[PDB]
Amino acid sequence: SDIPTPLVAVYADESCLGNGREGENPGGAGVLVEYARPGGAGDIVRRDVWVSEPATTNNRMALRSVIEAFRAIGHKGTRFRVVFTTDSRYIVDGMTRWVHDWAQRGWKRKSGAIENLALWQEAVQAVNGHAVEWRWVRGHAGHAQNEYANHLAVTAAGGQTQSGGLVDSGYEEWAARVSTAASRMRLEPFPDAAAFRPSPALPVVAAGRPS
């Protein structure tokens, strides 16, 4: 069995701003990472990671949320166990189902389709050897961490900034805002290593073949 690894809970969102046609709007991806010290008092340590593109799509940004998240945690010398919660069914269904279908078909594109296949391959690689439980929640529905992540995504889109990796979180300050309070949101408690039900490992991509 497996050597000890850390457990984190990740909350991701994406957003585009504006009303231009698909692919013309600025966009952002926002990620909150929660970490509770094993044996600790239960206080949550939070870090944020965001990126943006000036003309992009919601699907692309959703994929970047995954890639950026897993890349940042990947840099700590260990595989991780991750509970990844997002508003994007595109990500959840893709990671749990579709990538397997795509791999099965040789990662070949369908003509006329725009499936973001290159990004999916990057995302699958980013996830790597980490063990992930993929979870969906509705957006804009009162899940506090999800709403924060959205706030981060929008900020990223608006400012056209990037964190470059994990940075100290703004969650606590955001949580205390009057706007946040009026929303009457619900916080998700940190997961039990019992709550942890990872998905199967992803197909190792067949790099270098034509679409």
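For every residue, the number given is its place in the sequence shown, counted from 1.
*Asks:* With reference to the PDB entry, specify whether the mean Cα temperature factor is higher for 35 to 43 or for 49 to 57.
*Replies:* Result of the comparison: 35 to 43.
*Asks:* Mean Cα B factor from the PDB record: higher for 13 to 21, or higher for 192 to 200?
*Replies:* Higher mean C-alpha B-factor in the PDB entry: 192 to 200.
*Asks:* Looking at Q125, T85, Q104, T96, which has the highest CA B-factor as recorded?
*Replies:* Answer for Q125, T85, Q104, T96: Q104, with the highest C-alpha B-factor.
*Asks:* Which of these has the highest Cα B-factor in the record: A156, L166, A144, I67?
*Replies:* Within the set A156, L166, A144, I67, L166 shows the top C-alpha B-factor.
*Asks:* Can you tell me which third, lowest, middle or highest, the CA B-factor of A182 falls into for its chain?
*Replies:* For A182, whose C-alpha B-factor we compare with every modelled residue in the chain, the answer is the highest third.
*Asks:* Sorting the chain's modelled residues by C-alpha B-factor, tell me whether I91 ends up in the lowest, middle or highest third.
*Replies:* Within its chain, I91 is a lowest-third residue by C-alpha B-factor, going by the deposited values.
*Asks:* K108's Cα B-factor: lowest, middle or highest third of the chain?
*Replies:* It belongs to the highest third of the chain when residues are ordered by C-alpha B-factor.
*Asks:* For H75, return the chain-relative third of its C-alpha B-factor as stated in the PDB record: lowest, middle or highest.
*Replies:* Top third by C-alpha B-factor.
*Asks:* Would you check the entry's CA temperature factor for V132 and let me know if it's in the chain's lowest, middle or highest third?
*Replies:* CA B-factor rank for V132: lowest third.
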